[PDB]
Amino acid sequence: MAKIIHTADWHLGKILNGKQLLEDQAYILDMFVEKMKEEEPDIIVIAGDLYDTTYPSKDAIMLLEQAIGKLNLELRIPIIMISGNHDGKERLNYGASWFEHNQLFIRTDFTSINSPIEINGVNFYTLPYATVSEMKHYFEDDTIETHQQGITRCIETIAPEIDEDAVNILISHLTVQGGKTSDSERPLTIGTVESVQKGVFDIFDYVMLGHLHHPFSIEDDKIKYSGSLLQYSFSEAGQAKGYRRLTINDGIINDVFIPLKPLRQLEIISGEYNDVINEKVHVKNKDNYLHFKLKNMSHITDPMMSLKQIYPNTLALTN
């Protein structure tokens, strides 16, 4: 009878068209920590992609240490944290041996799936992201060529020792077949297929995932993505983002999505140039991050920073 919070894809330190989202990401984490006080969850899982790069800025590392500190030290919520494809494993893994004392777990090794973490009588199976090279070389299997082959092979390590009488939840970072895609995700593959099938996770009672930034990328009773904390591309402009709440109520699993409201959103406006700089066009919020696809090709003086006096946080201009 526990309450589990499922988030993923923080992508701290991300830059969109030369603009830093750290001012925004600090705001959305303020709201994340604020509503976690009201929930008082039994555990939080962060299903990968915490940093946008393998070389996070001094300011971005501060942000993670501060947010994770409030959640785990002063709110005293246990945390499970796996790595993603963007993540720098060792930069994320730093100091993990001291963190385990206060129930803060970090996993950057797909080998760790054989070692599940048990919180509130629930078994969490962690499987950080791994490429197929580094997967096929641990198993020494040369017939591992697609992401699914290596992922299924990882689960056959743990399938015989798994406990069927408890609640087994898999935390991973991968692409499920049939999920919608945004342009804030990098491809995991070269010319192979990166998607894993639904039947791979038949053993697990539940699957908490991250990689696809759309929260409703996969509609399923057993498998579900958290989605990104914010809109990280204009493909997701306007769509709601946030976190997911999962409650196991005496063997009855229920999941719901809770939206978060950002400091500003991403919006796309099409129309005439003189309609938008003369403010004869409707905009939901003129402080938004904006992509302008406009008319009148000839642009007297600078086209864009004439628009920046009206709309300060404009990012791209297409014509």
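A residue's number is simply how far along the shown sequence it sits, counting from 1.
**Q** On mean C-alpha B-factor from the PDB entry, just flag whether 217-225 or 96-104 is the higher one.
**A** In the deposited entry, the stretch with the higher C-alpha B-factor mean is 217-225.
**Q** Could you check the entry and say whether 124-132 or 180-188 has the higher mean CA B-factor?
**A** On average, C-alpha B-factors are higher across 180-188.
**Q** Name the residue from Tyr138, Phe110, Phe234, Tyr206 with the greatest C-alpha temperature factor listed in the entry.
**A** Result of the comparison over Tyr138, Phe110, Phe234, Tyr206: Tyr138.
**Q** Which is it among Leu260, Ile277, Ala26, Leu50: the one with the largest CA B-factor in the entry?
**A** Highest C-alpha B-factor among the listed residues goes to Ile277.
**Q** Within this chain, which third does the Cα B-factor at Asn249 fall in: lowest, middle or highest?
**A** It falls in the top third of the chain.
**Q** Please say which third, lowest, middle or highest, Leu22 falls into when its CA temperature factor is compared across its chain.
**A** Middle third.
**Q** Could you tell me which third, lowest, middle or highest, the C-alpha B-factor of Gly69 occupies within its chain?
**A** Within its chain, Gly69 is a lowest-third residue by C-alpha B-factor, going by the deposited values.
**Q** Considering only modelled residues of the same chain, in which third does the CA B-factor of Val45 rank: lowest, middle or highest?
**A** Within its chain, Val45 is a lowest-third residue by C-alpha B-factor, going by the deposited values.
**Q** By the recorded C-alpha temperature factor, relative to the other modelled residues in its chain, which third is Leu290 in?
**A** Tercile = highest for this residue's CA B-factor.
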